[PDB]
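First the structure, in the form of structure tokens, and then the observations on it.
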Amino acid sequence: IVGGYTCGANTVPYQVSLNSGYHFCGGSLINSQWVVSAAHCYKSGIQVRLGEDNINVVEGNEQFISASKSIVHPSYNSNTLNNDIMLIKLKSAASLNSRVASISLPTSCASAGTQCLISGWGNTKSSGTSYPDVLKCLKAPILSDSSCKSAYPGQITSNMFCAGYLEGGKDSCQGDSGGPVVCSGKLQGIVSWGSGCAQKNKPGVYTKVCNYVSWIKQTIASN
Ligand SMILES: [Ca+2]
């Protein structure tokens with residue numbers, strides 16, 4: 001996350017770290033047994049880390065659970081990043097508490113100008129490399145589709161949205177792929193892509209979760 005702030009420990013209780021010997025992606029806890037992340041976060045041998053703040057130190061609130069199963073969206077196109085969503089089943093259920101909580105699925109899509117919360121651990125610099133060990137946060141509006149498609153001509157589909165600022169400076173990208181975008185208490189987004197990071201007239205691009213709720217509910221119930 002470039003141009004944000006430190007969330008505060010355990011203030012984003014649905015935030016997940018996906019670990020493969022190291023932190024590689026984010027995700028969101030949607031119930032005791034399931035996580036949603038991005039399809040480009042697919043790996044074998046994931047361990048899902050709940051109740052994290054500092055990913056390099058054991059602070060006491062963590063739950064470390066192996067993933068049993070990953071499901072990439074059938075129509076995921078890794079060239080276009082269209083349908084960039086993946087469901088991760090936990091080997092054992094998470095124990096929900098003050099620090100480890102589920103986030104609700106949307107009943108409807110969020111509108112442009114809606115303020116959202118984007119969290120994650122990743123790269124804080126737009127030029128160069130600096131990875132923070134703490135959970136960072138950004139508040140950013142959902143931009144209009146016009147403003148989104150203009151920035152990435154012929155790249156944006158119906159399953160995407162943009163959030164942040166047109167001027168640049170504040171963004172996520174490398175700043176946690178797979179990480180949540182939460183608006184009015186619902187999971188509206190997944191950190192997917194965005195050209196460079198926090199560049200002028202380059203907003204972030206998020207997987208539009210409200211398109212997927214029927215797929216998520218069906219998949220989780222059948223698996
Ligand atoms: Ca920790």
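Going through the structure tokens in order, the chains are called A, B, and so on, while each chain numbers its residues from 1 and the ligands are numbered from 1 in the order shown.
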
What do you get as an mmCIF file with N, CA and C atoms, in the first residue's frame if you pick all residues at most 6 Å from ligand 1, counting only C-alpha atoms and all ligand atoms?
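Saved as pocket.cif:
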data_model
loop_
_atom_site.group_PDB
_atom_site.id
_atom_site.type_symbol
_atom_site.label_atom_id
_atom_site.label_comp_id
_atom_site.auth_asym_id
_atom_site.auth_seq_id
_atom_site.Cartn_x
_atom_site.Cartn_y
_atom_site.Cartn_z
ATOM 1 N N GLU A 52 -3.336 -11.765 11.977
ATOM 2 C CA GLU A 52 -2.005 -11.161 11.830
ATOM 3 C C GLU A 52 -2.016 -9.644 11.943
ATOM 4 N N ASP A 53 -0.888 -9.134 12.390
ATOM 5 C CA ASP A 53 -0.536 -7.734 12.149
ATOM 6 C C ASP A 53 0.875 -7.609 11.591
ATOM 7 N N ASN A 54 1.840 -7.886 12.433
ATOM 8 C CA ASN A 54 3.222 -8.052 11.959
ATOM 9 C C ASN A 54 3.431 -9.476 11.469
ATOM 10 N N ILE A 55 3.593 -9.636 10.181
ATOM 11 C CA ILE A 55 3.762 -10.980 9.608
ATOM 12 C C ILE A 55 5.100 -11.649 9.907
ATOM 13 N N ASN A 56 6.012 -10.955 10.550
ATOM 14 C CA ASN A 56 7.326 -11.543 10.873
ATOM 15 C C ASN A 56 7.496 -11.854 12.355
ATOM 16 N N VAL A 57 6.553 -11.404 13.160
ATOM 17 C CA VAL A 57 6.600 -11.718 14.598
ATOM 18 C C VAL A 57 5.314 -12.304 15.167
ATOM 19 N N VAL A 58 5.455 -13.333 15.977
ATOM 20 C CA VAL A 58 4.306 -13.979 16.626
ATOM 21 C C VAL A 58 3.819 -13.173 17.821
ATOM 22 N N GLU A 59 2.693 -12.499 17.609
ATOM 23 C CA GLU A 59 2.163 -11.475 18.517
ATOM 24 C C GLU A 59 1.061 -12.011 19.423
#

Determine, using only C-alpha atoms, which residues of segment 95-121 of chain A have any atom at most 10 Å from an atom of segment 17-40 of chain A, and tabulate each with its shortest atom pair and distance in Å to one decimal place, rows ordered by chain and then rising number, as a Markdown table.
| residue | atom | partner | partner_atom | distance |
| --- | --- | --- | --- | --- |
| A:95 | CA | A:32 | CA | 6.9 |
| A:96 | CA | A:32 | CA | 7.0 |
| A:100 | CA | A:29 | CA | 8.4 |
| A:101 | CA | A:29 | CA | 7.0 |
| A:102 | CA | A:30 | CA | 4.8 |
| A:103 | CA | A:30 | CA | 5.2 |
| A:104 | CA | A:30 | CA | 6.4 |
| A:105 | CA | A:30 | CA | 7.4 |
| A:119 | CA | A:26 | CA | 8.8 |
| A:120 | CA | A:26 | CA | 6.5 |
| A:121 | CA | A:26 | CA | 7.8 |

Could you work out how far atom CA of residue 144 of chain A lies from atom CA of residue 111 of chain A, giving the answer in Å with one decimal?
->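 Atom CA of residue 111 of chain A sits 8.4 Å away from atom CA of residue 144 of chain A.
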
Could you name the residues that touch segment 151-165 of chain A at 10 Å or less, counting only C-alpha atoms, but leaving out those on the same chain fewer than 3 positions away, as a VMD selection string?
-> chain A and resid 80 to 84 112 to 116 118 138 to 148 168 to 172 181 188 to 195 198 to 212

Segment 33-63 of chain A: which residues are strand (DSSP E) by DSSP, as a VMD selection string?
-> chain A and resid 34 to 37 47 to 50 63

Quick one: of A:61, A:124, A:214, A:92, who's nearest to residue 173 of chain A, counting only C-alpha atoms?
->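 Comparing A:61, A:124, A:214, A:92 against residue 173 of chain A, the winner is A:124.
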
Of A:217, A:68, A:109, A:175, the one sitting nearest residue 187 of chain A when using only C-alpha atoms is A:109

Using DSSP on the backbone, list every residue of chain A that comes out as alpha helix (DSSP H), and give them as number ranges by chain.
-> A: 145-151, 213-222

Give the answer as one residue: which of A:86, A:123, A:134, A:186 has the shortest atom-to-atom distance to residue 3 of chain A, using only C-alpha atoms?
->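 The answer is A:123, which sits nearest to residue 3 of chain A.
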
Given only C-alpha atoms as the counted atoms, nearest of A:97, A:77, A:127, A:223 to residue 14 of chain A | A:97

Taking only C-alpha atoms into account, which of A:90, A:137, A:11, A:85 comes nearest residue 47 of chain A?
->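 Closest to residue 47 of chain A, using only C-alpha atoms: A:90.
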
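With only C-alpha atoms as the atoms that count, the minimum distance from residue 183 of chain A to the choices A:150, A:15, A:108, A:129 is reached by A:108.
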
Between atom CA of residue 9 of chain A and atom CA of residue 43 of chain A, what is the distance, to one decimal in Å?
->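 According to the coordinates, atom CA of residue 9 of chain A and atom CA of residue 43 of chain A are separated by 27.2 Å.
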